[PDB]
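Notes follow once the structure below has been shown.
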Amino acid sequence: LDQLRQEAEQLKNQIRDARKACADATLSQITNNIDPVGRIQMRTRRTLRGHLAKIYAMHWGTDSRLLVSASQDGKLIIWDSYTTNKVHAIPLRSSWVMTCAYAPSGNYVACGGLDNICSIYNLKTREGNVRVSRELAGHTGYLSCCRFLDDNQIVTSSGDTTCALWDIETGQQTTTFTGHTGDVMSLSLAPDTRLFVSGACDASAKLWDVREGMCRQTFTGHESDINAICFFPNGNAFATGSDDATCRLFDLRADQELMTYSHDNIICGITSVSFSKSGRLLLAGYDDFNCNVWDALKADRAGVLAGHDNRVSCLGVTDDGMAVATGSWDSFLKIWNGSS
Amino acid sequence: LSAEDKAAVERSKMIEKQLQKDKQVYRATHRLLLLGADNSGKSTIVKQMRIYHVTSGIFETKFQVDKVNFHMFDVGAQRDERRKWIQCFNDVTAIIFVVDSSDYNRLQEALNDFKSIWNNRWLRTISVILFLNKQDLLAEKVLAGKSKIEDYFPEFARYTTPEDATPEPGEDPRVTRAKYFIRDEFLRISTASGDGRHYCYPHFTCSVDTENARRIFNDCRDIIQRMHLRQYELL
Amino acid sequence: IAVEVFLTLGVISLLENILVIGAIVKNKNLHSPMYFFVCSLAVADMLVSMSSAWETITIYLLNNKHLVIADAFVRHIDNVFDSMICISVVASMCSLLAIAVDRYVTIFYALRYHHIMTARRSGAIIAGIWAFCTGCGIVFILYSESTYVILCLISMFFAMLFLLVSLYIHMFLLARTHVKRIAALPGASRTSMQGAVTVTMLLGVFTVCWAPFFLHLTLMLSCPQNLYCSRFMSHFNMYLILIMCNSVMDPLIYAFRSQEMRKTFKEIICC
Amino acid sequence: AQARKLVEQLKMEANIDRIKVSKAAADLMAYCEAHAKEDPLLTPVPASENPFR
Amino acid sequence: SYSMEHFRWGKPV
Ligand SMILES: [Ca+2]
């Protein structure tokens with residue numbers, strides 16, 4: 001018993017020293033010439049209403065126009081942010097849904113939650129409604145976030161300290177990504193689609209080679225549950241936002257924290273993150289009923305988005321860069337675009 | 001406009017009609033979260049409450065009382081930590097917290113869990129219907145004379161039956177003193193911190209008792225009445 | 001009474017009630033049926049205030065020698081005015097009892113409430129109130145010279161005061177049961193004083209601001225030429241002033257008591 | 001067993017070849033400059049070419 | 001003439 005803890009600590013000391021060694025120049029000081037963005041004020045162009053209850057997840061489309069929204073009332077709505085229309089409204093089986101995803105080809109959407117089940121719905125059928133194409137069982141905890149790689153593979157994070165890669169047609173976990181002590185809260189897939197990062201309630205984030213099923217890195221620095229995570233426009237960084245009211249930006253080769261988005265007034269936690277297209281605009285939902293807009297390279301506030309009567313639980317930026325949607329517990333989605 | 005955009009608006013209007021239909025059913029049904037531990041009889045409460053009918057991680061039981069519909073959500077096949085998925089229940093009517101009141105070992109653990117529920121945000125409004133389940137085991141335990149409660153709680157030697165006691169007929173003074181002591185140990189945490197926005201409603205239940213749906217119905221009426229009165233600056 | 005004292009209250013009520021209408025239209029936590037009746041009340045109060053303010057201006061001019069039109073058009077203006085005033089008075093009272101009935105149903109029919117009232121039924125009841133009030137106002141002002149109209153107005157006030165008192169004493173008497181049950185709780189580290197203060201600040205404002213005018217009417221009918229009753233009737237202006245004080249003070253006691261509306265107040269004022 | 005699992009999954013962390021933050025922060029701060037003019041939020045767009053008006 | 005006066009129902013009828 002003592003030997004195992006001693007060996008773990010011995011590895012930890014070496015890896016900490018190695019991490020500290022490769023810190024020659026801080027990211028903060030190599031950006032002095034970087035012009036601050038200033039102030040970003042964005043207004044509510046569209047307000048999508050129709051949801052009964054709290055919105056717990058939204059996900060855009062690869063066309064940057066359609067979007068899926070998952071609410072606690074059991075509704076999964078596909079909107080058209082341009083015309084404020086609705087295109088489908090799926091009634092779910094389990095009303096406690098905590099994630100949604102929108103397949104890149106547009107033919108599918110996925111949703112899951114405390115039913116421990118990732119349900120895949122086939123949209124492009126149009127026989128009168130949308131039917132559950134296939135449910136994917138095998139998880140023990142609750143289902144925090146699922147993201148498609150293609151139409152026949154989906155990566156799923158659960159509250160059982162695990163993530164898993166599925167094969168939709170077969171329905172069996174091809175591979176299982178284990179190594180977490182606490183339960184996993186958010187996963188973000190990569191632009192190259194070869195890896196992905198997952199962040200958990202123990203203050204930890206990890207990469208996973210989906211084709212090998214083994215963790216490759218593990219990062220520390222937070223003090224509580226990690227809530228949201230996302231890749232920077234390239235798969236060479238990921239912003240992780242946790243429940244200690246602070247954000248951080250973990251690079252991959254550095255294997256070390258770089259920036260700490262904190263503010264003394266800020267005491268409320270963090271729920272969602274979503275980068276912009278340029279890797280210059282880090283959008284984070286906080287529990288204090290409003291979202292915030294940080295600068296990745298500056299770690300200085302740049303904007304606020306108040307407008308929600310309750311907690312901002314959702315956040316997603318288009319693949320084009322046009323718009324930013326925020327969902328919240330007051331049953332409205334807001335499409336924010338900057339003013340010319 | 002065009003023809004395609006007109007058909008888009010037709011589809012949107014049809015969906016909005018369906019959503020209006022669903023609004024009334026959603027706002028007119030009351031959602032309850034059944035929390036408890038392994039030794040507590042939750043499953044028996046749920047099974048015996050599937051009489052009032054109209055690795056899965058959650059079980060939804062529907063039941064109506066007096067034409068009022070209720071969802072009840074028993075969280076099963078989940079891990080130990082409940083600090084993250086309980087935030088999803090900030091808009092339920094009530095949380096039914098079941099406590100096994102005859103174990104005497106994990107009653108301290110039950111109190112700590114109830115304290116954490118009571119003090120957590122996203123639950124600062126949600127009232128708790130507290131079911132002190134398995135009272136007949138408790139009775140058979142104090143009367144028989146083994147594992148006396150004061151060995152686990154040293155405050156029992158300085159406690160007496162409160163004035164508002166309404167004992168069941170044919171009940172020993174000792175069992176009623178201990179039963180109200182446990183109720184008082186929970187109500188102490190309930191009243192200690194939270195404001196007038198949520199209250200704890202203790203009921204001495206049992207695993208097989210039949211009047212449980214009525215108790216949830218009555219206390220939900222109380223919860224709603226008090227909420228509305230507190231926003232009318234009455235009460 | 002000076003026209004200044006009577007126009008000041010009109011402007012103050014206009015401001016408060018426009019603010020309330022905005023705070024309800026520009027917030028979605030406040031789209032319940034209750035706040036629709038609060039907005040109806042705000043509109044009715046706004047009309048009482050502005051219609052009476054403009055009469056006062058026109059009377060201030062005609063009786064003086066600044067603006068003189070013949071007898072038929074003076075009469076025709078006068079009527080239109082009184083008309084609007086009557087419609088808005090009846091609408092104001094009906095929108096107070098709408099809030100009372102809504103609160104009563106939310107409390108005493110707590111678990112069935114959304115099978116009783118939706119947002120659409122609110123609009124139906126509001127539209128019905130205002131059509132009925134328009135009809136009553138026009139009939140009451142074209143037929144004013146009869147006893148029959150004045151008895152109708154009096155009966156409406158007494159019927160709508162009895163019901164408001166009865167609707168709020170019951171609520172307070174239930175709140176006392178709940179406060180007694182909280183008090184019995186152990187370790188109670190709870191005030192019927194709060195309920196008493198609210199019951200008073202609702203009923204007493206209603207009564208003080210609406211009862212003198214209807215006593216004026218019920219003594220115009222009963223005892224028109226007796227010293228006590230004549231001395232009472234001779235204060236018509238001091239009773240209209242109270243009617244407008246009701247418009248000033250209703251937003252304080254209904255809209256300003258909501259935490260969500262007090263948040264919307266800060267959001268609106270910071271714009 | 002779990003302790004051995006943590007030990008091995010942490011020793012597989014040791015062999016990873018890092019890179020100094022001087023050029024491990026060339027991924028950031030040198031990616032934006034390649035995408036500075038195509039990001040509508042960071043640099044606002046004229047309202048004609050904006051489906052969100 | 002017709003002297004106008006505050007609202008209606010004032011002087012005894
Ligand atoms: Ca007149």
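Every chain in the structure tokens takes a letter, A first, then B, and so on in the order presented; its residues are numbered from 1, and the ligands are numbered from 1 following the presented order.
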Open item on the list: Within 10 Å of chain E, which residues belong to chain C? Use only C-alpha atoms and report them as a ChimeraX atom specification.
Closed with: /C:51-52,55-56,58-60,62-63,70-72,74-75,77-86,140-141,144-147,150,213,216-217,219-221,224-225,230,233-237,240
TODO: Give me the residues within 9 Å of segment 23-29 of chain A as a list in words, counting only C-alpha atoms and dropping any in the same chain fewer than 5 places off.
DONE: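 The filter keeps residues 254, 256, 258, 259, 297, 298 and 299 of chain A; 19, 20, 21, 22, 23, 25, 28 and 29 of chain D.
Summary of the local environment: counting only C-alpha atoms, residues at most 12 Å from residue 50 of chain D, other than itself and those fewer than 5 positions away along its chain, are residues 45, 65, 82, 320, 321, 322, 323, 336, 337, 338, 339 and 340 of chain A; 40, 41, 44 and 45 of chain D.
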- [ ] Using only C-alpha atoms, determine which residues of chain C fall within 12 Å of chain A; present them as a VMD selection string.
- [x] chain C and resid 26 to 30 260 to 261 263 to 264 267
TODO: In Å, rounded to a single decimal, give me how far atom CA of residue 205 of chain A is from atom CA of residue 218 of chain A.
DONE: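 Interatomic distance here is 5.7 Å.
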